[PDB]
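Just one chain is shown here, as structure tokens, and it is the form deposited without ligand PEL.
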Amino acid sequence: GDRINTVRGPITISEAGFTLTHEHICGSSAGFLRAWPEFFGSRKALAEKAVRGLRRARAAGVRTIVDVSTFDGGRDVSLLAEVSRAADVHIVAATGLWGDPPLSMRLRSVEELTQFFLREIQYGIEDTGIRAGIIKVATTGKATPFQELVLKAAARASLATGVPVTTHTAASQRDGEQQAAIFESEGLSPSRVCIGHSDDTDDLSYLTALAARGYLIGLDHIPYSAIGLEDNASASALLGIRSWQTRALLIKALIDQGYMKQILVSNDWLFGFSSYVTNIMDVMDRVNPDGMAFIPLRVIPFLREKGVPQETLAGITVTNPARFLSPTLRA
């Protein structure tokens, strides 16, 4: 662990700089962007949109994003490579499986899924030689028998390579506790694991208990809010009705409890989003015109106004991501 894999190759830990640890270029399904690009206008329109976004996030000080799109969330690593190069923003690619595995994945054993995740980390994604730098996994409430396999394989791959694991939860159902249990059953260090979408709970003790055990806490979808458009059931279900300030104040909460070193922050933004209702992207872009810049432009200043030391903010946005992304084998 002296280098972090990106879609442009390895970078040093110090090169990562300000890092958004949970983002997407395009939330889709495997093959979908290749087969139906006109769903996004065109592939070129999507790329141009991504580059404009990335460039504006760069302007606000973002140096690196971690794209946590998996194979079943439509990751297209050649698009990532293209936009990373055009925008001059580092991108870290993911392996793992998210909430929508097709049959060829759902039927696999824990050993098979381990070999798959290892392939994407060690050999590269598809025929690109681009090596994943993180492993994304998911539950939404109690794990399905298959999701149990996925978590165990992610733990096995992370123990082998040192690359971290980062998760989708339903935070209101306290999924992080079962995920931690399964990870620890495989002997994974909690410091290898980010329990994501954790900004969906106001249950502060659920977060503090996990932080105290060494887990990273992903407060990773701060701009998500349907305040102002709650008639729209599909957007409400996705964005929630808690304000961005509510989400952002959990960062301050965990800091105030002594866990500044356990916090990772992100927007969870995307430039295309086919795996939900049509035009959800337009709805989201009107909610948060800053897009991926929302963290530096809105959240960091808000927290400083609320008294959080800038140096603590820097620890959260630079140190924590570098420590987490640094591949780290156990002793």
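In case it trips you up, residue 1 is the first one in the sequence shown, and so on.
Per-stretch averaging of Cα B factors for 59 to 67 and 301 to 309 places 301 to 309 on top. Taking only CA atoms, the mean B-factor in the PDB entry is higher for 196 to 204 than for the other of 196 to 204 and 124 to 132.
Across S109, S158, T169, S236, the entry's maximum B-factor at the CA atom is seen for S236. Comparing C-alpha B-factors across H221, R119, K261, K152 in the deposited entry, the largest value falls on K261.
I217 sits in the middle third of its chain by CA B factor, as recorded in the PDB entry.
Per the PDB record, residue ranking by Cα B-factor puts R286 in the highest third of the chain. Among the modelled residues of its chain, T317 has a C-alpha B-factor that falls in the middle third according to the deposited record. In this PDB entry, the Cα temperature factor of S42 sits in the middle third of its chain's modelled residues. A16 sits in the middle third of its chain by CA B factor, as recorded in the PDB entry.
One more form of this protein should be noted, the form solved in complex with ligand PEL, which is absent from this view; the next part is about it.
Ligand PEL is not drawn, but in the deposited complex it has no heavy atom within 4.5 Å of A171. Residue contact check for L250: none of its heavy atoms lie within 4.5 Å of ligand PEL in the deposited complex. Not displayed here, ligand PEL is kept clear of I130 by more than 4.5 Å at the level of heavy atoms in the deposited complex. Within 4.5 Å of any heavy atom of ligand PEL in the deposited complex lies no heavy atom of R106. For the residues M260, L210, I182, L188, the 4.5 Å heavy atom test against ligand PEL in the deposited complex is passed only by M260.
Site residues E311, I316 and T319 are all in contact with ligand PEL in the deposited complex, judged by any heavy atom within 4.5 Å.
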